[PDB]
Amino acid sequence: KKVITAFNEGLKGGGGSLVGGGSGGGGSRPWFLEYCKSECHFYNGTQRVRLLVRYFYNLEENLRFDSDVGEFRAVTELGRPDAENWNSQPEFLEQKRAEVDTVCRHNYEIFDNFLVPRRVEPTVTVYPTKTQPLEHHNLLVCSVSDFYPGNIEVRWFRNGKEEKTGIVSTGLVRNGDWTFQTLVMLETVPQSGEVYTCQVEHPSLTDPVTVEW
């Protein structure tokens, strides 16, 4: 059973202050946030990887460590003291420079066993939607839900004619529990001898999924 490794969080030092930064508000309840995102960008699994660490103080991103640079760089002046301090520490730098391997690549190998291969087939359904007398443009809905990963293609066809116009969608909707959903609607006034079809392609399927109305 493999153990996920965490990125090392560096200790900052005091020494001086900066002349009045900013607010953009005032009156509101004062708050203070130290937030750090250590991001591993896998361009192709572990073959090409970039580590990007981003530091934020309140609403401002102030410091960055890009593995392609190899050192910390201030995004705003509030982050400069940290850049200079940490960059003067060879021991800390080598440690950060090595995390693209000891953390990013190390954890990908673990996740590649169950997150990368996760596949959940979508449930596809079609149905009309208006207010009885359609009046204006009619609306046909293609519902594609409960699927993973996010990569998916949902197309409408009018008698084998892929409709590239009159499409209204919610776009890819993330449910927060590792499943997505989307509603791709087609504006069109139906006709008996005129059939509308929804084709769905997804990496969890072997063959496209189709539905007529």
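Numbering starts at 1 and runs along the sequence shown.
With 100-108 and 121-129 compared on mean CA B-factor from the PDB entry, the stretch scoring higher is 121-129.
Between the stretches 170-178 and 24-32, it is 24-32 that shows the larger average CA temperature factor. Looking only at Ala74, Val116, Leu140, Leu93, the residue with the top Cα B factor in the deposited structure is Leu140. Placement of the Cα temperature factor of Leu186 within the chain: highest third of the modelled residues, per the deposited record. When the modelled residues of the chain are ordered by their C-alpha B factor, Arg48 lands in the middle third. The deposited CA B-factor of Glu84 belongs to the middle third of values across its chain. Among the modelled residues of the chain, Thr165 sits in the highest third by CA temperature factor in this PDB entry. The deposited CA B-factor of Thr5 belongs to the lowest third of values across its chain.
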